[PDB]
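First the structure, in the form of structure tokens, and then the observations on it.
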Number of protein chains: 2
Amino acid sequence: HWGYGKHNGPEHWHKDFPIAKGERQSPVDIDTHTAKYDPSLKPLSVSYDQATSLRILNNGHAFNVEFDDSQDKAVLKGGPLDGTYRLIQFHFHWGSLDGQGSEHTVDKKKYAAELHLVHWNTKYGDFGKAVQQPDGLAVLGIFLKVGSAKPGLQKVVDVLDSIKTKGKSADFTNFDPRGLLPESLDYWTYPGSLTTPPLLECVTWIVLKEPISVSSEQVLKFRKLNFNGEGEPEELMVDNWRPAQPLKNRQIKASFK
Amino acid sequence: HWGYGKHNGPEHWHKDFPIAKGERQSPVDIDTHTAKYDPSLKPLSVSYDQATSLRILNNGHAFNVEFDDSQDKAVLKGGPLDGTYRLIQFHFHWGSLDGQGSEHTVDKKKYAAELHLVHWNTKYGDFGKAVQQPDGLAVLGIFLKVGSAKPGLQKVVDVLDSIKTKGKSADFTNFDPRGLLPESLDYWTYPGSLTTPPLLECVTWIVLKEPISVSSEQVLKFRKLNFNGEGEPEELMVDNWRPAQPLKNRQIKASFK
Ligand SMILES: *C(=O)c1ccc(S(N)(=O)=O)cc1
Ligand SMILES: *C(=O)c1ccc(S(N)(=O)=O)cc1
Ligand SMILES: [Zn+2]
Ligand SMILES: [Zn+2]
Ligand SMILES: [Zn+2]
Ligand SMILES: [Zn+2]
Ligand SMILES: [Zn+2]
Ligand SMILES: [Zn+2]
Ligand SMILES: [Zn+2]
Ligand SMILES: [Zn+2]
Ligand SMILES: [Zn+2]
Ligand SMILES: [Zn+2]
Ligand SMILES: [Zn+2]
Ligand SMILES: [Zn+2]
Ligand SMILES: [Zn+2]
Ligand SMILES: [Zn+2]
Ligand SMILES: [Zn+2]
């Protein structure tokens with residue numbers, strides 16, 4: 001099974017998931033010299049007021065907060081997107097140290113972590129069908145840096161002891177994903193992939209300019225999760241990020257000047 | 001994710017897995033009026049003397065006992081097979097009640113459960129390559145009925161509380177799969193598929209005429225496993241069987257009169 005170790009990590013994924021060497025792999029470095037303002041980009045519309053969180057789970061790679069996606073209760077519209085994209089889950093990638101953790105980079109700067117809000121195009125009926133289409137998914141990416149506590153993160157951090165090991169979950173209701181947003185929704189966009197196997201080239205990436213602050217205490221809780229199952233030797237869940245992949249022919253567009 | 005429930009069960013698999021309606025799907029009903037004796041069928045050769053069991057796991061569908069398959073320590077030869085097929089794992093399918101559980105049926109009779117010993121053709125180098133070939137796999141199917149205890153099953157039943165939930169596994173060494181066999185190796189054979197997604201049409205089915213007896217105590221322990229993971233509400237692992245699929249143009253051959 002794939003992971004982030006010496007023998008099963010990003011360098012090895014291509015052996016089991018051939019698309020790992022595809023033409024539209026994520027993440028990428030965002031060079032602010034070439035990622036030019038596009039005045040044709042319509043404003044981004046985030047509609048999270050009625051978001052219904054269901055569960056949180058350790059899947060052995062990250063932790064996922066899952067949402068009720070049977071209705072348009074939490075949707076992304078506008079920006080680069082045609083149609084309605086329903087929030088299915090969010091998760092983070094983070095480092096062993098503050099100087100690393102983000103998948104995307106900005107002028108090669110790595111952040112402490114990266115938040116991925118995962119949405120699928122309602123045009124396709126379910127998530128499984130959406131991942132087979134270039135316009136199937138929209139992932140909202142938000143950078144994390146270490147400073148002040150993020151109050152909206154506290155409810156997540158406070159349940160992580162209940163899902164320390166792989167295959168554990170917990171009921172996780174009334175979580176407001178608006179409390180994880182920065183002030184600006186100014187963004188970069190480019191066509192890309194899932195950053196974990198199966199690495200499918202189905203994602204419109206929307207990466208926010210403005211990082212959120214989390215406390216070193218909040219990021220320390222992330223680093224105390226385990227990759228391993230209960231009863232196995234401890235492997236700390238850290239450095240669960242894929243490095244920058246070749247931009248190849250793609251255009252990164254900025255929503256801002 | 002696929003399963004055995006109202007919305008994700010065998011009736012619905014075709015929506016996600018088009019091969020579910022393929023030309024060689026398993027299981028099938030074995031009608032003893034049309035499944036005729038074939039005098040050309042060689043005796044079956046089961047060579048399990050050096051079988052090396054490694055681990056047992058709850059994968060959320062059944063429980064698998066895994067074998068060291070790096071050598072010809074546990075192989076199926078003869079009968080309808082060209083070449084050597086290495087034992088990789090066995091698992092069962094079973095019901096909520098004694099009147100159902102088997103995948104294959106004989107003259108429409110369902111048994112309480114069915115054991116699948118899974119082997120792959122050494123011609124193809126590994127299991128992953130073997131599942132892509134029509135002659136890649138050989139599954140030995142054995143029917144379970146409720147009567148006397150199967151002594152050879154007790155070591156399996158005794159470890160099931162330790163793998164109650166999905167993802168759980170345990171060391172499971174020195175298990176002798178010969179202790180799960182009936183006295184007669186008389187069999188039916190036909191070309192078919194995996195009975196679970198991905199339902200690949202890669203299997204020579206060898207189904208034994210003679211069922212084994214298990215105790216009602218032994219089958220009760222099967223019914224106490226969980227489909228769910230740790231932290232989810234209990235869903236009993238019962239009725240993890242696919243019903244009879246259309247025979248279409250296939251010939252079922254009997255090794256016996
Ligand atoms: C699977 O549902 C999946 C895999 C990767 C990602 S990412 N890291 O590209 O946001 C999302 C979902
Ligand atoms: C997977 O390796 C797999 C799936 C199904 C079966 S079955 N039920 O056809 O014996 C065996 C192996
Ligand atoms: Zn290579
Ligand atoms: Zn590999
Ligand atoms: Zn530059
Ligand atoms: Zn709102
Ligand atoms: Zn995984
Ligand atoms: Zn859903
Ligand atoms: Zn991600
Ligand atoms: Zn702005
Ligand atoms: Zn536990
Ligand atoms: Zn249908
Ligand atoms: Zn489906
Ligand atoms: Zn589907
Ligand atoms: Zn008949
Ligand atoms: Zn599964
Ligand atoms: Zn089976």
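Because only heavy atoms are used, hydrogens play no part in the values below, and waters and symmetry mates are left out as well, while side chains stay in. Labels below follow one simple rule: chain letters A, B, ... track the order of the sequence lines, proteins then strands, and each chain is numbered from 1.
- In summary, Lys221(B) and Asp161(B) engage in a salt bridge, as defined by a charged side-chain N under 4.0 Å from a carboxylate O.
- The pair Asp135(A)-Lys123(A) meets the salt-bridge criterion, since a charged nitrogen lies less than 4.0 angstrom from a carboxylate oxygen.
- No hydrogens or angles considered: nothing links the side chains of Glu114(A) and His93(A) as a donor-acceptor pair under 3.5 Å.
- The backbone N or O of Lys129(B) lies less than 3.5 Å from no partner atom in the side chain of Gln132(B), so there is not a single donor-acceptor pair.
- Checking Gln245(B) against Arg24(B) by side-chain atom types alone, no donor-acceptor pair falls below 3.5 Å.
- Between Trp205(B) and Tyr187(B), a ring centre-to-centre spacing not shorter than 6.0 Å is recorded.
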In sequence, state the C-alpha distance, the side-chain angles, and the governing distance for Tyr111(B) and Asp98(B), and then conclude on side-chain hydrogen bond (donor to acceptor under 3.5 Å, both in side chains).
-> CA-CA 7 Å; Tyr111(B) 289 89; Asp98(B) 296 356; over 6 Å; no

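- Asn240(A) places a side-chain N or O within donor-acceptor distance of the main-chain N or O of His61(A), the cut-off being under 3.5 Å.
- Under a cutoff of 6.0 Å and an axis angle of 45°, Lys155(B) and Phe172(B) form a cation-pi pair.
- With a 6.0 Å radius and a threshold of 12 heavy atoms from other residues, nucleotides or ligands, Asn174(B) has its CG atom at or below the threshold.
- Within 6.0 Å of NZ in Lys253(B) there are 12 or fewer heavy atoms belonging to other residues, nucleotides or ligands.
- No hydrogens or angles considered: a donor-acceptor pair under 3.5 Å links the side chains of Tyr190(A) and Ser26(A).
- Side-chain N or O atoms of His119(A) include one that pairs as donor or acceptor with a backbone N or O of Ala138(A) at under 3.5 Å.
- At most 12 non-hydrogen atoms from other residues, nucleotides or ligands lie less than 6.0 angstrom from CG of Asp82(B).
- Ring geometry for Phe227(B) versus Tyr4(B): interplanar angle under 30°, hence parallel rather than tilted (30 to 60°).
- The closest donor-acceptor contact from the side chain of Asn64(B) to the backbone of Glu66(B) lies at 3.5 Å or more, if one exists at all.
- Taking NZ of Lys108(B) as the start and CD1 of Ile30(B) as the end, the distance is 12.5 Å to the nearest 0.5 Å.
- The closest donor-acceptor contact from the side chain of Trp13(A) to the backbone of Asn8(A) lies under 3.5 Å.
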Test salt bridge (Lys or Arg N to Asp or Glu O under 4.0 Å) applied to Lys109(B) and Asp107(B), step by step | CA-CA 6 Å; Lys109(B) 185 198 180 132; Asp107(B) 297 313; over 6 Å; no

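- Few gaps surround NZ on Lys73(B); more than 12 heavy atoms of other groups in view lie less than 6.0 Å from it.
- Checked by atom type and distance alone, the side chain of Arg242(A) never pairs as donor or acceptor with a backbone atom of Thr196(A) at under 3.5 Å.
- A salt bridge does not link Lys110(B) to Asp29(B): none of the charged side-chain nitrogens sits closer than 4.0 Å to a carboxylate oxygen.
- Side chains of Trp2(B) and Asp16(B): no donor on one and acceptor on the other come within 3.5 Å.
- Heavy-atom contacts from other residues, nucleotides or ligands closer than 6.0 Å to CG of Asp171(B) number 12 or fewer.
- A donor-acceptor pair is defined here as one N or O able to donate and one able to accept, closer than 3.5 Å; no such pair exists between the side chain of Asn58(A) and the backbone of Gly167(A).
- A salt bridge links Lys248(B) and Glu23(B); the closest N-O separation between the charged side-chain nitrogens and carboxylate oxygens is under 4.0 Å.
- The aromatic rings of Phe222(A) and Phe63(A) lie perpendicular to each other, with more than 60° between the two planes, well past the 30° mark.
- Judged by distance alone, the side chains of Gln50(B) and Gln71(B) never bring a donor and an acceptor atom under 3.5 Å apart.
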Steps toward ring-ring contact (aromatic ring centres under 6.0 Å, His included) verdict (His104(A), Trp241(A)) | CA-CA 9 Å; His104(A) 297 91; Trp241(A) 52 276; over 10 Å; no

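- Looking only at atom types and distance, the side chain of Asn121(B) has no donor-acceptor partner in the side chain of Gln133(B) under 3.5 Å away.
- Counted within 6.0 Å of NZ on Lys164(B), heavy atoms from surrounding residues, nucleotides or ligands total more than 12; the atom is thus considered enclosed.
- Other residues, nucleotides and ligands contribute at most 12 non-hydrogen atoms within 6.0 Å of the CD atom of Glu183(B).
- A salt bridge between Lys168(A) and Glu230(B) is present, with a side-chain N of the basic residue lying under 4.0 Å from a carboxylate O of the acidic one.
- Using modelled atom types and a 3.5 Å distance limit, the side chains of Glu103(B) and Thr195(B) yield a donor-acceptor pair.
- Side-chain contact annotation: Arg86(B) with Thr122(B), donor-acceptor N/O pair under 3.5 Å absent.
- Taking the ring centroids of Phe67(B) and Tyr48(B), they lie at or beyond the 6.0 Å cut-off.
- Looking at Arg55(A), its side chain does come within 3.5 Å of a backbone N or O of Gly231(B) through a donor-acceptor pair.
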Show the numbers, then the answer: is there a side-chain hydrogen bond (donor to acceptor under 3.5 Å, both in side chains) between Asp239(B) and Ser96(B)?
-> CA-CA 6 Å; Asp239(B) 296 317; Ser96(B) 49; 2.6 Å; yes

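- Cation-pi contact between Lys77(B) and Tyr85(B): absent, since separation from the ring centre below 6.0 Å together with deviation from the ring axis within 45° is not met.
- Side-chain atoms of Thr165(B) and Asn226(B) form no donor-acceptor pair, as typed in the model, at a separation below 3.5 Å.
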